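This report refers to the structure that appears directly beneath it.
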Amino acid sequence: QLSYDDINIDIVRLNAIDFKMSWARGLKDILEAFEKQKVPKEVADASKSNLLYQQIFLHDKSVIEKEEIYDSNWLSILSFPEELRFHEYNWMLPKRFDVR
Amino acid sequence: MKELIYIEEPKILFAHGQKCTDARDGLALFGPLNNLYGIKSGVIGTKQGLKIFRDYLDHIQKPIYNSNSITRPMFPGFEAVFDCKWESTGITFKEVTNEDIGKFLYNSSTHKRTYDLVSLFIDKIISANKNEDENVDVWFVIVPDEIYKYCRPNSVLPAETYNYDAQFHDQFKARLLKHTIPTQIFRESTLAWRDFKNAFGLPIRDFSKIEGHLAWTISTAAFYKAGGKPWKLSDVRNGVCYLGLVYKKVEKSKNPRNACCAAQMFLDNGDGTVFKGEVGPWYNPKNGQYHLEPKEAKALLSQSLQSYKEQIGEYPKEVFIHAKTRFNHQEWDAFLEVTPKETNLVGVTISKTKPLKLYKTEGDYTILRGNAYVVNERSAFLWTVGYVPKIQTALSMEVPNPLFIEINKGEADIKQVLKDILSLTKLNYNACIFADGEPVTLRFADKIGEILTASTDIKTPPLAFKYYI
DNA sequence: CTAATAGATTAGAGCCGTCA
RNA sequence: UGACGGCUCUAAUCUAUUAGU
Ligand SMILES: [Mg+2]
């Protein structure tokens, strides 16, 4: 709700990490900045702190715009005969001939 | 060289007003929505059932991990997630001697023994409910494996009570509807899979790598059955009502007598997703016909419209009727005759008997999820099952088969239809999964129709899902 | 109405896998 | 009946034709 002007003058010129749209990508940025600036992290819990660190940086995964081509199991019929015909065998074939 | 279009994930909302995409991650980062205080439990069964249930409750108070933490996010413990107390202190055992259970399950008539077992259990549960000052929220029924195995219609043993089912679950859930006790049926082999093994020294149900998933789903179901709201939708718009419609055969009856049920989902103007069944079983006396008569069609539509109006005060701007069947003309005319002027009725058919399989050319992984092939202005294919790039895997094992969606009646946009259908797959409170393969408006209606079909002594059944699922 | 030929269209039940 | 997905096996019911009506 507060704009750029209303920010405290002592902090507006500093780089700011954004939590406006979520608290998770903000935490991702926090961990990036801390590991870049060499903050003394003392990992005391093993196989837990690493897993929680990994849970962020992967919650925001999405798709990339790359062209993809797929096959299928549909075969398109190409050609058809030009005439469907109804021949007239008026009592000229057996009544129980089993045409099939 | 046809073209595919991709649809983004809908996102689901949690505490603190935080939106995520996976339910598991959003329960372990911000927790559930509503604030309970703790779950008091009731247990009915044998001594071993109480032992197993106590063991499992004590086990799930600590964090549980899986083998792969990307595909299946960890379980950090019950209270660390759900912000409530559920331990082996608010239990109220009701011992059932194994003598009666063993004695009943030898009568060689499946209906008789099913009736006897259900009566034996529900008498104790109802007596506990009515005549005692103890307050118990979810009644957990621990059932031995042999009871579950021998409670099928096609089961073998190695008139008054024939108007029922041959299944323990359906009869048990139906016969307790008029008293409204939220119950949860567990099997012995489910809560303690270590003991129940085969002639190889190994468990029949191997949960070694998926213990966290079992804990997640059990805890989520317990949280939901005890007045808990774990999450809700994010961008389902106002003025729209979503309806399900499923047909169920009543089987054991003189007439074929097909029955029909429904579900209802909408926004309540308080940002809450109202989601409940709207069912009084409507019957079609004709065999093999899956269409309502005009009278029952009018009755159902009137009931849904009246429920929406009494909930909010204004009739819906748009109404969507989802189903697996195709309407005829008389049914839809009956629908239209009792419809207001400022309301749009759109019917959609979701089918799965249409073979169209797409294969990636090079890799060993299947197609992305949100891909959809639009056929016409009233017909398309949607892939609700496929590769999710966030969990580094897919929702199936073999090559999936997409849903076929057609706008059967009305005027609407197919893209919005597929978007709403994809958003309607993030509501399976019976599970804790990334998403569903079919919309939830068509699965809970199925459960209600299967529950309230085994019994014919039921009138004005409730609407809340907590007494069916 | 019942007996066959099909195409198209719905339900009900049972079995197996889930890992790396 | 802690979930979900993929298969297989079974009855039905319509529509068009023909003979028993
Ligand atoms: Mg359940």
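How things are named: the first chain in the structure tokens is A, the next is B, and so on; residues count from 1 in each chain; ligands count from 1 in the order shown.
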
Neighbours of chain B in chain D at 12 Å, counting only C-alpha atoms (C1' of nucleotides), as a PDB file with N, CA, C and O atoms (P, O5', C5', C4', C3', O3' and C1' of nucleotides), in the first residue's frame:
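out-v9.pdb, written as the output of this step:
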ATOM      1  P     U D   1     -13.543 -44.790   4.246  1.00  0.00           P
ATOM      2  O5'   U D   1     -12.361 -45.782   4.637  1.00  0.00           O
ATOM      3  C5'   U D   1     -11.534 -46.363   3.641  1.00  0.00           C
ATOM      4  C4'   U D   1     -11.341 -47.838   3.883  1.00  0.00           C
ATOM      5  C3'   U D   1     -10.495 -48.578   2.859  1.00  0.00           C
ATOM      6  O3'   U D   1      -9.087 -48.385   2.983  1.00  0.00           O
ATOM      7  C1'   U D   1     -12.486 -49.782   3.227  1.00  0.00           C
ATOM      8  P     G D   2      -8.233 -48.833   4.275  1.00  0.00           P
ATOM      9  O5'   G D   2      -7.340 -47.555   4.591  1.00  0.00           O
ATOM     10  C5'   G D   2      -7.934 -46.336   5.008  1.00  0.00           C
ATOM     11  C4'   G D   2      -7.214 -45.139   4.441  1.00  0.00           C
ATOM     12  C3'   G D   2      -7.503 -44.800   2.987  1.00  0.00           C
ATOM     13  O3'   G D   2      -8.703 -44.062   2.832  1.00  0.00           O
ATOM     14  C1'   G D   2      -5.171 -44.719   3.376  1.00  0.00           C
ATOM     15  P     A D   3      -9.403 -43.924   1.392  1.00  0.00           P
ATOM     16  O5'   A D   3      -8.332 -43.145   0.502  1.00  0.00           O
ATOM     17  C5'   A D   3      -8.176 -43.440  -0.879  1.00  0.00           C
ATOM     18  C4'   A D   3      -7.101 -42.594  -1.520  1.00  0.00           C
ATOM     19  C3'   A D   3      -7.118 -42.547  -3.040  1.00  0.00           C
ATOM     20  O3'   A D   3      -8.047 -41.602  -3.540  1.00  0.00           O
ATOM     21  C1'   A D   3      -4.894 -42.855  -2.253  1.00  0.00           C
ATOM     22  P     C D   4      -8.861 -41.895  -4.890  1.00  0.00           P
ATOM     23  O5'   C D   4      -7.744 -41.924  -6.027  1.00  0.00           O
ATOM     24  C5'   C D   4      -7.101 -40.731  -6.457  1.00  0.00           C
ATOM     25  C4'   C D   4      -5.851 -41.027  -7.250  1.00  0.00           C
ATOM     26  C3'   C D   4      -6.048 -41.737  -8.582  1.00  0.00           C
ATOM     27  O3'   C D   4      -6.382 -40.840  -9.629  1.00  0.00           O
ATOM     28  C1'   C D   4      -4.303 -42.782  -7.365  1.00  0.00           C
ATOM     29  P     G D   5      -7.140 -41.367 -10.945  1.00  0.00           P
ATOM     30  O5'   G D   5      -6.045 -42.232 -11.717  1.00  0.00           O
ATOM     31  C5'   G D   5      -4.964 -41.613 -12.402  1.00  0.00           C
ATOM     32  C4'   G D   5      -4.010 -42.639 -12.961  1.00  0.00           C
ATOM     33  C3'   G D   5      -4.576 -43.565 -14.031  1.00  0.00           C
ATOM     34  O3'   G D   5      -4.520 -42.991 -15.326  1.00  0.00           O
ATOM     35  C1'   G D   5      -3.435 -44.841 -12.394  1.00  0.00           C
ATOM     36  P     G D   6      -5.411 -43.579 -16.529  1.00  0.00           P
ATOM     37  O5'   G D   6      -4.761 -44.996 -16.857  1.00  0.00           O
ATOM     38  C5'   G D   6      -3.491 -45.103 -17.488  1.00  0.00           C
ATOM     39  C4'   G D   6      -2.988 -46.525 -17.448  1.00  0.00           C
ATOM     40  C3'   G D   6      -3.815 -47.535 -18.232  1.00  0.00           C
ATOM     41  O3'   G D   6      -3.438 -47.584 -19.598  1.00  0.00           O
ATOM     42  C1'   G D   6      -3.420 -48.357 -16.047  1.00  0.00           C
ATOM     43  P     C D   7      -4.317 -48.401 -20.665  1.00  0.00           P
ATOM     44  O5'   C D   7      -4.012 -49.929 -20.335  1.00  0.00           O
ATOM     45  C5'   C D   7      -4.791 -50.970 -20.900  1.00  0.00           C
ATOM     46  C4'   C D   7      -4.727 -52.222 -20.062  1.00  0.00           C
ATOM     47  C3'   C D   7      -5.793 -53.265 -20.353  1.00  0.00           C
ATOM     48  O3'   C D   7      -5.423 -54.107 -21.431  1.00  0.00           O
ATOM     49  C1'   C D   7      -5.594 -52.929 -18.005  1.00  0.00           C
ATOM     50  P     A D  11     -21.557 -62.275 -20.806  1.00  0.00           P
ATOM     51  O5'   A D  11     -23.028 -61.707 -21.020  1.00  0.00           O
ATOM     52  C5'   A D  11     -23.262 -60.309 -21.066  1.00  0.00           C
ATOM     53  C4'   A D  11     -23.919 -59.823 -19.800  1.00  0.00           C
ATOM     54  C3'   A D  11     -25.246 -59.107 -19.980  1.00  0.00           C
ATOM     55  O3'   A D  11     -26.333 -60.005 -20.119  1.00  0.00           O
ATOM     56  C1'   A D  11     -23.863 -57.858 -18.526  1.00  0.00           C
ATOM     57  P     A D  12     -27.570 -59.625 -21.067  1.00  0.00           P
ATOM     58  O5'   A D  12     -27.342 -58.080 -21.363  1.00  0.00           O
ATOM     59  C5'   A D  12     -28.418 -57.248 -21.757  1.00  0.00           C
ATOM     60  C4'   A D  12     -28.505 -56.022 -20.887  1.00  0.00           C
ATOM     61  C3'   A D  12     -29.292 -54.862 -21.468  1.00  0.00           C
ATOM     62  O3'   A D  12     -30.691 -55.007 -21.292  1.00  0.00           O
ATOM     63  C1'   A D  12     -27.244 -54.072 -20.583  1.00  0.00           C
ATOM     64  P     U D  13     -31.667 -55.036 -22.568  1.00  0.00           P
ATOM     65  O5'   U D  13     -31.723 -53.516 -23.039  1.00  0.00           O
ATOM     66  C5'   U D  13     -31.978 -52.474 -22.111  1.00  0.00           C
ATOM     67  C4'   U D  13     -31.609 -51.127 -22.679  1.00  0.00           C
ATOM     68  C3'   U D  13     -32.029 -50.873 -24.118  1.00  0.00           C
ATOM     69  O3'   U D  13     -33.391 -50.499 -24.225  1.00  0.00           O
ATOM     70  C1'   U D  13     -29.792 -50.152 -23.789  1.00  0.00           C
ATOM     71  P     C D  14     -34.055 -50.251 -25.666  1.00  0.00           P
ATOM     72  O5'   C D  14     -33.632 -48.761 -26.035  1.00  0.00           O
ATOM     73  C5'   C D  14     -33.917 -48.226 -27.315  1.00  0.00           C
ATOM     74  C4'   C D  14     -32.820 -47.311 -27.797  1.00  0.00           C
ATOM     75  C3'   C D  14     -32.695 -47.188 -29.307  1.00  0.00           C
ATOM     76  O3'   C D  14     -33.603 -46.239 -29.834  1.00  0.00           O
ATOM     77  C1'   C D  14     -30.548 -47.513 -28.337  1.00  0.00           C
TER      78        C D  14
END

- Using only C-alpha atoms (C1' of nucleotides), select each residue of chain A with any atom at most 12 Å away from an atom of chain D, and give the selection as a ChimeraX atom specification. /A:95-99

Keeping only N, CA, C and O atoms, take the residues you just selected and write them out as a JSON list (two decimals), in the first residue's frame.
[["chain", "number", "residue", "atom", "x", "y", "z"],
["A", 95, "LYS", "N", -32.14, -66.05, -49.42],
["A", 95, "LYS", "CA", -32.69, -65.18, -48.39],
["A", 95, "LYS", "C", -31.89, -65.25, -47.09],
["A", 95, "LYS", "O", -31.92, -64.30, -46.30],
["A", 96, "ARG", "N", -31.19, -66.35, -46.86],
["A", 96, "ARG", "CA", -30.35, -66.49, -45.68],
["A", 96, "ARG", "C", -28.90, -66.73, -46.10],
["A", 96, "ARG", "O", -28.23, -67.62, -45.56],
["A", 97, "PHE", "N", -28.42, -65.94, -47.06],
["A", 97, "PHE", "CA", -27.11, -66.17, -47.65],
["A", 97, "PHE", "C", -25.97, -65.83, -46.70],
["A", 97, "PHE", "O", -24.86, -66.36, -46.88],
["A", 98, "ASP", "N", -26.20, -64.98, -45.70],
["A", 98, "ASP", "CA", -25.15, -64.51, -44.79],
["A", 98, "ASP", "C", -24.03, -63.81, -45.58],
["A", 98, "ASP", "O", -22.90, -64.29, -45.69],
["A", 99, "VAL", "N", -24.42, -62.66, -46.15],
["A", 99, "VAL", "CA", -23.61, -61.85, -47.06],
["A", 99, "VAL", "C", -22.16, -61.72, -46.58],
["A", 99, "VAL", "O", -21.23, -61.71, -47.40]]

List every residue of chain B that has an atom at most 7 Å from any atom of chain A, giving for each one its closest atom pair and the distance in Å to one decimal, counting only C-alpha atoms, sorted by chain and then by ascending residue number, as CSV.
residue,atom,partner,partner_atom,distance
B:18,CA,A:22,CA,6.4
B:356,CA,A:73,CA,6.9
B:357,CA,A:72,CA,5.5
B:358,CA,A:72,CA,4.6
B:359,CA,A:71,CA,5.2
B:360,CA,A:70,CA,5.0
B:361,CA,A:70,CA,6.0
B:389,CA,A:62,CA,6.2
B:390,CA,A:61,CA,5.2

Could you save those same residues with N, CA and C atoms as a tab-separated table (two decimals), in the first residue's frame?
chain	number	residue	atom	x	y	z
B	18	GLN	N	-1.63	-17.29	1.37
B	18	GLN	CA	-0.51	-17.70	0.54
B	18	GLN	C	-0.96	-18.75	-0.46
B	356	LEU	N	-6.62	-41.80	-27.96
B	356	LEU	CA	-5.71	-40.86	-28.60
B	356	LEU	C	-4.47	-40.74	-27.73
B	357	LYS	N	-3.38	-41.38	-28.15
B	357	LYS	CA	-2.15	-41.41	-27.37
B	357	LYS	C	-1.05	-40.67	-28.11
B	358	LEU	N	-0.44	-39.70	-27.45
B	358	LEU	CA	0.68	-38.95	-28.00
B	358	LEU	C	1.98	-39.43	-27.36
B	359	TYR	N	3.02	-39.54	-28.18
B	359	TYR	CA	4.32	-40.03	-27.74
B	359	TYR	C	5.40	-39.00	-28.04
B	360	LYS	N	6.25	-38.73	-27.05
B	360	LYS	CA	7.43	-37.93	-27.30
B	360	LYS	C	8.42	-38.71	-28.16
B	361	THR	N	9.16	-37.98	-29.00
B	361	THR	CA	9.98	-38.64	-30.01
B	361	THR	C	11.22	-39.30	-29.40
B	389	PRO	N	6.46	-30.71	-14.12
B	389	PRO	CA	7.88	-30.34	-14.04
B	389	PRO	C	8.35	-29.96	-12.65
B	390	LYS	N	7.46	-29.87	-11.67
B	390	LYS	CA	7.86	-29.49	-10.32
B	390	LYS	C	8.20	-30.69	-9.45

Restricting to only C-alpha atoms (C1' of nucleotides), whichever of B:303, B:109, B:258, B:423 is closest to chain C is B:258

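For region 171-231 of chain B, a DSSP pass over the backbone yields strand (DSSP E or B) at residues 183, 184, 185, 186, 187, 197 and 203 of chain B.
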
Residues of chain C within 8 Å of chain B, only C-alpha atoms (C1' of nucleotides) counted, as number ranges by chain:
C: 10-11, 19

Could you please take those selected residues and save N, CA and C atoms (P, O5', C5', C4', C3', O3' and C1' of nucleotides) as a compact mmCIF listing (two decimals), in the first residue's frame?
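Contents of the output file selection-v3.txt:
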# COMPACT_ATOMS: atom_id res chain seq x y z
P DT C 10 -22.62 -42.13 -23.77
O5' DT C 10 -22.26 -43.32 -22.77
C5' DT C 10 -22.24 -43.09 -21.38
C4' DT C 10 -22.95 -44.21 -20.66
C3' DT C 10 -22.22 -44.74 -19.44
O3' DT C 10 -22.52 -43.92 -18.32
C1' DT C 10 -23.19 -46.52 -20.74
P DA C 11 -22.07 -44.36 -16.84
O5' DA C 11 -23.25 -45.33 -16.37
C5' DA C 11 -23.22 -45.90 -15.08
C4' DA C 11 -23.34 -47.41 -15.15
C3' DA C 11 -22.58 -48.15 -14.06
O3' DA C 11 -23.47 -48.53 -13.03
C1' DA C 11 -22.44 -49.24 -16.21
P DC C 19 7.60 -45.12 -7.36
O5' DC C 19 8.44 -44.96 -6.01
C5' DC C 19 8.85 -46.11 -5.28
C4' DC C 19 10.30 -46.00 -4.86
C3' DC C 19 11.26 -45.63 -5.98
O3' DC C 19 12.47 -45.16 -5.43
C1' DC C 19 11.45 -47.94 -5.47

Taking 5 positions as the minimum chain separation for residues in the same chain, which residues sit within 9 Å of residue 227 (chain B) when counting only C-alpha atoms (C1' of nucleotides)? Answer as an mmCIF file with N, CA, C and O atoms, in the first residue's frame.
data_model
loop_
_atom_site.group_PDB
_atom_site.id
_atom_site.type_symbol
_atom_site.label_atom_id
_atom_site.label_comp_id
_atom_site.auth_asym_id
_atom_site.auth_seq_id
_atom_site.Cartn_x
_atom_site.Cartn_y
_atom_site.Cartn_z
ATOM 1 N N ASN B 34 -8.480 -23.105 8.583
ATOM 2 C CA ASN B 34 -9.206 -22.861 9.818
ATOM 3 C C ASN B 34 -8.381 -23.300 11.025
ATOM 4 O O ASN B 34 -7.398 -24.037 10.908
ATOM 5 N N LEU B 36 -8.580 -25.211 14.412
ATOM 6 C CA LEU B 36 -9.166 -26.108 15.393
ATOM 7 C C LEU B 36 -8.356 -26.027 16.686
ATOM 8 O O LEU B 36 -7.480 -25.173 16.845
ATOM 9 N N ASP B 137 -15.205 -36.913 18.166
ATOM 10 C CA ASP B 137 -15.434 -36.286 16.868
ATOM 11 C C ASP B 137 -15.423 -37.307 15.733
ATOM 12 O O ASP B 137 -16.417 -37.457 15.015
ATOM 13 N N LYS B 466 -18.585 -35.349 4.988
ATOM 14 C CA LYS B 466 -17.855 -35.983 6.078
ATOM 15 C C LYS B 466 -18.535 -37.251 6.575
ATOM 16 O O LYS B 466 -17.922 -38.010 7.335
#

Can you list every residue of chain C that has an atom at most 12 Å from chain A, with its nearest atom pair and the distance in Å to one decimal, using only C-alpha atoms (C1' of nucleotides), ordered by chain then number, as JSON lines?
{"residue": "C:4", "atom": "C1'", "partner": "A:98", "partner_atom": "CA", "distance": 10.1}
{"residue": "C:5", "atom": "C1'", "partner": "A:98", "partner_atom": "CA", "distance": 8.6}
{"residue": "C:6", "atom": "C1'", "partner": "A:100", "partner_atom": "CA", "distance": 10.9}

### Task
May I have all residues of region 177-272 of chain B that DSSP, computed from the backbone, assigns to helix (DSSP H, G or I), given as a PyMOL selection string?
chain B and resi 188-191+211-225

For the selection you just gave me, I'd like the residues written to a file as a PDB file, in the first residue's frame, keeping N, CA, C and O atoms.
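File again-v4.pdb, as written:
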ATOM      1  N   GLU B 188      -6.479 -53.546   9.437  1.00  0.00           N
ATOM      2  CA  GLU B 188      -5.337 -53.850  10.291  1.00  0.00           C
ATOM      3  C   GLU B 188      -4.036 -53.840   9.500  1.00  0.00           C
ATOM      4  O   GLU B 188      -3.009 -53.352   9.984  1.00  0.00           O
ATOM      5  N   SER B 189      -4.061 -54.373   8.277  1.00  0.00           N
ATOM      6  CA  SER B 189      -2.872 -54.417   7.437  1.00  0.00           C
ATOM      7  C   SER B 189      -2.426 -53.042   6.959  1.00  0.00           C
ATOM      8  O   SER B 189      -1.307 -52.918   6.451  1.00  0.00           O
ATOM      9  N   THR B 190      -3.261 -52.016   7.106  1.00  0.00           N
ATOM     10  CA  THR B 190      -2.917 -50.674   6.653  1.00  0.00           C
ATOM     11  C   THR B 190      -2.112 -49.908   7.696  1.00  0.00           C
ATOM     12  O   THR B 190      -1.074 -49.322   7.376  1.00  0.00           O
ATOM     13  N   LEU B 191      -2.576 -49.905   8.947  1.00  0.00           N
ATOM     14  CA  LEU B 191      -1.890 -49.155   9.992  1.00  0.00           C
ATOM     15  C   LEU B 191      -0.639 -49.868  10.489  1.00  0.00           C
ATOM     16  O   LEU B 191       0.317 -49.206  10.905  1.00  0.00           O
ATOM     17  N   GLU B 211       6.221 -44.200   3.341  1.00  0.00           N
ATOM     18  CA  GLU B 211       5.604 -43.988   4.649  1.00  0.00           C
ATOM     19  C   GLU B 211       5.094 -42.560   4.794  1.00  0.00           C
ATOM     20  O   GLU B 211       4.021 -42.328   5.370  1.00  0.00           O
ATOM     21  N   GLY B 212       5.850 -41.589   4.279  1.00  0.00           N
ATOM     22  CA  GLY B 212       5.434 -40.203   4.386  1.00  0.00           C
ATOM     23  C   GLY B 212       4.130 -39.923   3.665  1.00  0.00           C
ATOM     24  O   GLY B 212       3.298 -39.155   4.147  1.00  0.00           O
ATOM     25  N   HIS B 213       3.933 -40.545   2.502  1.00  0.00           N
ATOM     26  CA  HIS B 213       2.693 -40.344   1.759  1.00  0.00           C
ATOM     27  C   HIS B 213       1.498 -40.925   2.510  1.00  0.00           C
ATOM     28  O   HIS B 213       0.424 -40.308   2.557  1.00  0.00           O
ATOM     29  N   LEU B 214       1.670 -42.109   3.104  1.00  0.00           N
ATOM     30  CA  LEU B 214       0.605 -42.704   3.905  1.00  0.00           C
ATOM     31  C   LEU B 214       0.263 -41.829   5.104  1.00  0.00           C
ATOM     32  O   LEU B 214      -0.917 -41.607   5.407  1.00  0.00           O
ATOM     33  N   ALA B 215       1.285 -41.316   5.795  1.00  0.00           N
ATOM     34  CA  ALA B 215       1.031 -40.420   6.918  1.00  0.00           C
ATOM     35  C   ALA B 215       0.321 -39.154   6.460  1.00  0.00           C
ATOM     36  O   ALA B 215      -0.624 -38.695   7.113  1.00  0.00           O
ATOM     37  N   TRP B 216       0.750 -38.588   5.327  1.00  0.00           N
ATOM     38  CA  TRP B 216       0.112 -37.394   4.785  1.00  0.00           C
ATOM     39  C   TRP B 216      -1.370 -37.625   4.537  1.00  0.00           C
ATOM     40  O   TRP B 216      -2.216 -36.845   4.989  1.00  0.00           O
ATOM     41  N   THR B 217      -1.706 -38.697   3.815  1.00  0.00           N
ATOM     42  CA  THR B 217      -3.103 -38.907   3.451  1.00  0.00           C
ATOM     43  C   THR B 217      -3.957 -39.244   4.671  1.00  0.00           C
ATOM     44  O   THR B 217      -5.082 -38.743   4.798  1.00  0.00           O
ATOM     45  N   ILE B 218      -3.441 -40.068   5.589  1.00  0.00           N
ATOM     46  CA  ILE B 218      -4.214 -40.412   6.782  1.00  0.00           C
ATOM     47  C   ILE B 218      -4.469 -39.170   7.627  1.00  0.00           C
ATOM     48  O   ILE B 218      -5.592 -38.932   8.092  1.00  0.00           O
ATOM     49  N   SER B 219      -3.430 -38.354   7.832  1.00  0.00           N
ATOM     50  CA  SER B 219      -3.587 -37.153   8.642  1.00  0.00           C
ATOM     51  C   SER B 219      -4.527 -36.156   7.982  1.00  0.00           C
ATOM     52  O   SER B 219      -5.332 -35.517   8.665  1.00  0.00           O
ATOM     53  N   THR B 220      -4.444 -36.007   6.656  1.00  0.00           N
ATOM     54  CA  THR B 220      -5.341 -35.088   5.961  1.00  0.00           C
ATOM     55  C   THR B 220      -6.790 -35.547   6.063  1.00  0.00           C
ATOM     56  O   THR B 220      -7.693 -34.732   6.290  1.00  0.00           O
ATOM     57  N   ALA B 221      -7.034 -36.851   5.904  1.00  0.00           N
ATOM     58  CA  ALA B 221      -8.394 -37.363   6.028  1.00  0.00           C
ATOM     59  C   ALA B 221      -8.931 -37.170   7.439  1.00  0.00           C
ATOM     60  O   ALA B 221     -10.094 -36.795   7.623  1.00  0.00           O
ATOM     61  N   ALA B 222      -8.093 -37.416   8.452  1.00  0.00           N
ATOM     62  CA  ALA B 222      -8.526 -37.203   9.831  1.00  0.00           C
ATOM     63  C   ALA B 222      -8.808 -35.730  10.101  1.00  0.00           C
ATOM     64  O   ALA B 222      -9.766 -35.392  10.807  1.00  0.00           O
ATOM     65  N   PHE B 223      -7.980 -34.839   9.553  1.00  0.00           N
ATOM     66  CA  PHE B 223      -8.196 -33.408   9.731  1.00  0.00           C
ATOM     67  C   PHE B 223      -9.493 -32.961   9.072  1.00  0.00           C
ATOM     68  O   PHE B 223     -10.207 -32.105   9.605  1.00  0.00           O
ATOM     69  N   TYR B 224      -9.811 -33.526   7.904  1.00  0.00           N
ATOM     70  CA  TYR B 224     -11.021 -33.116   7.199  1.00  0.00           C
ATOM     71  C   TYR B 224     -12.277 -33.696   7.838  1.00  0.00           C
ATOM     72  O   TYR B 224     -13.330 -33.048   7.839  1.00  0.00           O
ATOM     73  N   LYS B 225     -12.196 -34.913   8.375  1.00  0.00           N
ATOM     74  CA  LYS B 225     -13.363 -35.524   9.000  1.00  0.00           C
ATOM     75  C   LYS B 225     -13.705 -34.908  10.348  1.00  0.00           C
ATOM     76  O   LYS B 225     -14.760 -35.231  10.905  1.00  0.00           O
TER      77      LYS B 225
END

What separates CA of residue 455 (chain B) and CA of residue 261 (chain B) is a distance of 14.8 Å

The residue from B:198, B:416, B:234, B:183 with the smallest atom-to-atom distance to ligand 1, counting only C-alpha atoms and all ligand atoms, is B:183

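Taking CA of residue 149 (chain B) as the reference point, CA of residue 174 (chain B) is found at 19.8 Å.
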
_Residues near residue 317 (chain B), cut-off 10 Å, only C-alpha atoms (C1' of nucleotides), skip fewer than 3 positions along chain, as a ChimeraX atom specification_ = /B:238-241,314,340-345

Expected file contents, prior selection, C-alpha atoms, as an mmCIF file, in the first residue's frame:
data_model
loop_
_atom_site.group_PDB
_atom_site.id
_atom_site.type_symbol
_atom_site.label_atom_id
_atom_site.label_comp_id
_atom_site.auth_asym_id
_atom_site.auth_seq_id
_atom_site.Cartn_x
_atom_site.Cartn_y
_atom_site.Cartn_z
ATOM 1 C CA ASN B 238 -18.245 -15.421 -8.765
ATOM 2 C CA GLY B 239 -21.675 -16.007 -10.256
ATOM 3 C CA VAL B 240 -20.883 -19.542 -11.460
ATOM 4 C CA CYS B 241 -22.352 -22.795 -10.128
ATOM 5 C CA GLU B 314 -29.299 -14.140 -6.260
ATOM 6 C CA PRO B 340 -34.565 -18.052 -14.974
ATOM 7 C CA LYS B 341 -33.866 -15.552 -17.731
ATOM 8 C CA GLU B 342 -30.503 -14.238 -16.474
ATOM 9 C CA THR B 343 -28.823 -17.636 -16.238
ATOM 10 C CA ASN B 344 -26.906 -19.771 -18.743
ATOM 11 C CA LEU B 345 -27.218 -23.569 -18.748
#

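Of the residues under consideration (B:438, B:228, B:274, B:140), B:140 shows the shortest atom-to-atom contact distance to ligand 1 when counting only C-alpha atoms and all ligand atoms.
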
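Proximity ranking of B:162, B:465, B:56, B:30 relative to residue 16 (chain B) places B:30 first, based on only C-alpha atoms.
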
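A straight line drawn from CA of residue 90 (chain B) to CA of residue 44 (chain B) is 13.8 Å long.
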
Distance query residue 77 (chain B) at most 9 Å, only C-alpha atoms (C1' of nucleotides), self and fewer than 2 positions along chain excluded, as a short mmCIF file (atom, residue, chain, number, x, y, z; two decimals) with N, CA, C and O atoms, in the first residue's frame:
data_model
loop_
_atom_site.label_atom_id
_atom_site.label_comp_id
_atom_site.auth_asym_id
_atom_site.auth_seq_id
_atom_site.Cartn_x
_atom_site.Cartn_y
_atom_site.Cartn_z
N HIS B 59 3.52 -42.73 16.36
CA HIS B 59 4.52 -42.68 15.31
C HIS B 59 4.43 -41.39 14.50
O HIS B 59 5.46 -40.81 14.14
N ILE B 60 3.22 -40.92 14.22
CA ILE B 60 3.08 -39.81 13.27
C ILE B 60 3.18 -38.45 13.95
O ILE B 60 2.89 -37.42 13.33
N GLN B 61 3.61 -38.41 15.21
CA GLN B 61 3.86 -37.13 15.87
C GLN B 61 5.24 -36.57 15.56
O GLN B 61 5.48 -35.38 15.80
N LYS B 62 6.15 -37.39 15.03
CA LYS B 62 7.50 -37.03 14.64
C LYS B 62 7.61 -36.89 13.13
O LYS B 62 6.78 -37.43 12.40
N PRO B 63 8.60 -36.16 12.62
CA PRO B 63 8.75 -36.04 11.16
C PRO B 63 9.07 -37.38 10.50
O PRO B 63 9.88 -38.16 11.00
N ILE B 64 8.42 -37.64 9.37
CA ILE B 64 8.66 -38.82 8.55
C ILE B 64 9.18 -38.37 7.20
O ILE B 64 8.65 -37.42 6.60
N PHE B 75 7.09 -35.51 5.47
CA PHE B 75 6.08 -35.25 6.49
C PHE B 75 6.78 -34.75 7.74
O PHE B 75 7.56 -35.49 8.34
N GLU B 79 1.57 -32.24 14.43
CA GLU B 79 1.33 -30.92 15.01
C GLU B 79 2.13 -29.83 14.32
O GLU B 79 1.71 -28.67 14.30
N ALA B 80 3.30 -30.18 13.76
CA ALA B 80 4.07 -29.21 12.99
C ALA B 80 3.35 -28.78 11.72
O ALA B 80 3.68 -27.73 11.16
N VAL B 81 2.38 -29.57 11.26
CA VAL B 81 1.63 -29.24 10.05
C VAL B 81 0.28 -28.63 10.41
O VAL B 81 -0.03 -27.50 10.01
N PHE B 82 -0.52 -29.37 11.17
CA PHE B 82 -1.95 -29.07 11.28
C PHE B 82 -2.30 -28.19 12.47
O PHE B 82 -3.48 -27.86 12.65
N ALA B 215 1.28 -41.32 5.79
CA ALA B 215 1.03 -40.42 6.92
C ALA B 215 0.32 -39.15 6.46
O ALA B 215 -0.62 -38.69 7.11
#
